[PDB]
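Written below as structure tokens is the structure these notes are about.
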Number of protein chains: 2
Amino acid sequence: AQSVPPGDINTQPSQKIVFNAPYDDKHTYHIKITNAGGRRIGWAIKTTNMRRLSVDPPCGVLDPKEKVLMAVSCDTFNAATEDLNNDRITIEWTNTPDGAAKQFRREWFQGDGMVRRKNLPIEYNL
Amino acid sequence: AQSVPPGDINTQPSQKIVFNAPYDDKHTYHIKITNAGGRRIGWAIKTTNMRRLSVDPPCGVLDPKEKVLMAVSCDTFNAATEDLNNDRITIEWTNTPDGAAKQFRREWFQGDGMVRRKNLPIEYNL
């Protein structure tokens, strides 16, 4: 009936993910997200490197109290002589407009209302 | 042909597991183990608490260069006001005797040869 801000989408982890070994093969860590709002929301992901890490689905439209699974694969590598404290993800979302279209749009961020965003610290466990 | 010590069984993680959130439901973390020896080996697991944590299969007989999956479930709880630095697992194994029987025996530890054992530090990520 009245205005409705972008409900804080639940996240698990909420802000701390330690990619547990081994690093000898692409390890896809499943993430849990949920829409804690009243209406749908257009969210997108961004990582320091879109080559090594692979987040899918990168962008999508969640529903009211809808649950979705994420996949963050990490290509193999050598953590014996490589710094591991510069990897961080970004998850933002904004309430879609009245009867928005069926497709993530960039206008949803340059329109009315406010957009939320939180970076998730990455970790590497051996 | 000649004597054969208990090949160091590969572990992933090898000595560091951070049970990533959430803690609102039994989360079973899959572990990777492998027999790096020439013959089978009888191994067993032990945790500080056999009530909260559940490791299965607890004991079994691995084969030469055989891979096996483990399941370490962790009952839900509240990590907002509970110490999380006293949980540690124990994985030991000893080369089975010549044509050993098809069933983990305790005599394999009180016989000839040497037995290996390593504790895996537990962690809790929110």
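Within each chain, counting starts at residue 1; across the structure tokens, chains are named A, B, ... in the order shown, with ligands numbered 1 upward in that order.
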Q. Do you know which residues are at most 9 Å from range 14-25 of chain B counting only C-alpha atoms, after dropping those on the same chain fewer than 5 positions away, and could you put them as a VMD selection string?
A. (chain A and resid 11 to 14 16 to 22 32 125 to 126) or (chain B and resid 74 to 79 118 to 126)
Write out the residues from the selection above, keeping C-alpha atoms, as a PDB file, in the first residue's frame.
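And here's again.pdb as it stands now:
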ATOM      1  CA  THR A  11      23.131 -13.969   3.452  1.00  0.00           C
ATOM      2  CA  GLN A  12      24.916 -17.096   4.681  1.00  0.00           C
ATOM      3  CA  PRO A  13      27.714 -16.479   5.137  1.00  0.00           C
ATOM      4  CA  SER A  14      26.639 -12.903   5.838  1.00  0.00           C
ATOM      5  CA  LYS A  16      32.813 -14.098   5.915  1.00  0.00           C
ATOM      6  CA  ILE A  17      33.617 -17.002   3.594  1.00  0.00           C
ATOM      7  CA  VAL A  18      36.696 -19.204   3.968  1.00  0.00           C
ATOM      8  CA  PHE A  19      37.157 -21.324   0.843  1.00  0.00           C
ATOM      9  CA  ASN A  20      38.258 -24.543   2.543  1.00  0.00           C
ATOM     10  CA  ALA A  21      40.925 -26.605   0.777  1.00  0.00           C
ATOM     11  CA  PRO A  22      41.840 -28.228  -1.458  1.00  0.00           C
ATOM     12  CA  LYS A  32      22.399 -18.914   0.615  1.00  0.00           C
ATOM     13  CA  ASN A 125      41.859 -22.291   4.346  1.00  0.00           C
ATOM     14  CA  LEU A 126      44.532 -24.927   3.737  1.00  0.00           C
TER      15      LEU A 126
ATOM     16  CA  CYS B  74      27.255 -29.852  13.240  1.00  0.00           C
ATOM     17  CA  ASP B  75      23.981 -29.425  15.130  1.00  0.00           C
ATOM     18  CA  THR B  76      22.596 -25.883  15.182  1.00  0.00           C
ATOM     19  CA  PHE B  77      23.443 -23.561  18.074  1.00  0.00           C
ATOM     20  CA  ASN B  78      24.170 -19.984  19.148  1.00  0.00           C
ATOM     21  CA  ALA B  79      27.660 -18.658  18.413  1.00  0.00           C
ATOM     22  CA  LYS B 118      46.673 -36.091  13.405  1.00  0.00           C
ATOM     23  CA  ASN B 119      44.171 -33.696  14.979  1.00  0.00           C
ATOM     24  CA  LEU B 120      42.228 -31.324  12.729  1.00  0.00           C
ATOM     25  CA  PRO B 121      41.510 -27.853  14.233  1.00  0.00           C
ATOM     26  CA  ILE B 122      37.838 -26.885  14.038  1.00  0.00           C
ATOM     27  CA  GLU B 123      36.600 -23.375  13.245  1.00  0.00           C
ATOM     28  CA  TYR B 124      33.299 -21.512  13.036  1.00  0.00           C
ATOM     29  CA  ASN B 125      32.692 -18.832  10.406  1.00  0.00           C
ATOM     30  CA  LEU B 126      29.673 -16.539  10.711  1.00  0.00           C
TER      31      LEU B 126
END
Q: Write out as a PyMOL selection string each polymer residue whose atoms come within 9 Å of residue 7 in chain B, counting only C-alpha atoms; drop sequence neighbours fewer than 6 positions from it.
A: chain B and resi 35-39+41+94-95
Q) Could you pull the residues within 9 Å of range 98-106 of chain A, counting only C-alpha atoms, minus those fewer than 5 positions along the same chain, as a list in words? A) residues 40, 42, 43, 44, 59, 60 and 61 of chain A
Would you export the selected residues with N, CA and C atoms as a PDB file, in the first residue's frame, please?
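What follows is the written file again-v4.pdb:
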ATOM      1  N   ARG A  40       9.981  -7.960  -5.262  1.00  0.00           N
ATOM      2  CA  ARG A  40      11.192  -8.482  -5.885  1.00  0.00           C
ATOM      3  C   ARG A  40      12.332  -7.477  -5.780  1.00  0.00           C
ATOM      4  N   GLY A  42      16.336  -6.471  -7.782  1.00  0.00           N
ATOM      5  CA  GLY A  42      17.372  -6.749  -8.758  1.00  0.00           C
ATOM      6  C   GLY A  42      18.754  -6.658  -8.144  1.00  0.00           C
ATOM      7  N   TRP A  43      19.436  -7.795  -8.041  1.00  0.00           N
ATOM      8  CA  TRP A  43      20.767  -7.827  -7.447  1.00  0.00           C
ATOM      9  C   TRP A  43      21.826  -8.274  -8.449  1.00  0.00           C
ATOM     10  N   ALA A  44      23.069  -7.892  -8.175  1.00  0.00           N
ATOM     11  CA  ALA A  44      24.196  -8.243  -9.026  1.00  0.00           C
ATOM     12  C   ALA A  44      25.449  -8.454  -8.183  1.00  0.00           C
ATOM     13  N   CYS A  59      23.584 -11.949 -11.837  1.00  0.00           N
ATOM     14  CA  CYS A  59      22.482 -11.017 -11.634  1.00  0.00           C
ATOM     15  C   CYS A  59      21.141 -11.722 -11.802  1.00  0.00           C
ATOM     16  N   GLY A  60      20.137 -11.257 -11.067  1.00  0.00           N
ATOM     17  CA  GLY A  60      18.819 -11.855 -11.150  1.00  0.00           C
ATOM     18  C   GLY A  60      17.781 -11.088 -10.354  1.00  0.00           C
ATOM     19  N   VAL A  61      16.527 -11.515 -10.457  1.00  0.00           N
ATOM     20  CA  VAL A  61      15.437 -10.862  -9.741  1.00  0.00           C
ATOM     21  C   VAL A  61      14.804 -11.807  -8.725  1.00  0.00           C
TER      22      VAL A  61
END
Q) How many Å separate CA of residue 117 in chain A from CA of residue 96 in chain A? A)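 Interatomic distance, CA of residue 117 in chain A to CA of residue 96 in chain A: 15.2 Å.
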Q: Have a look at CA of residue 73 in chain B and CA of residue 54 in chain B and let me know their distance in Å, one decimal.
A: 5.2 Å
Q: Give the strand (DSSP E or B) residues of chain B, as DSSP finds them on the backbone, and put them as a PyMOL selection string.
A: chain B and resi 10-12+17-20+27-34+41-47+53-56+59-62+67-74+88-95+116-125
Q.
With only C-alpha atoms as the counted atoms, please give the residues lying no more than 8 Å from residue 69 in chain B, apart from itself and same-chain residues fewer than 4 positions off, as a VMD selection string.
A. chain B and resid 30 to 33
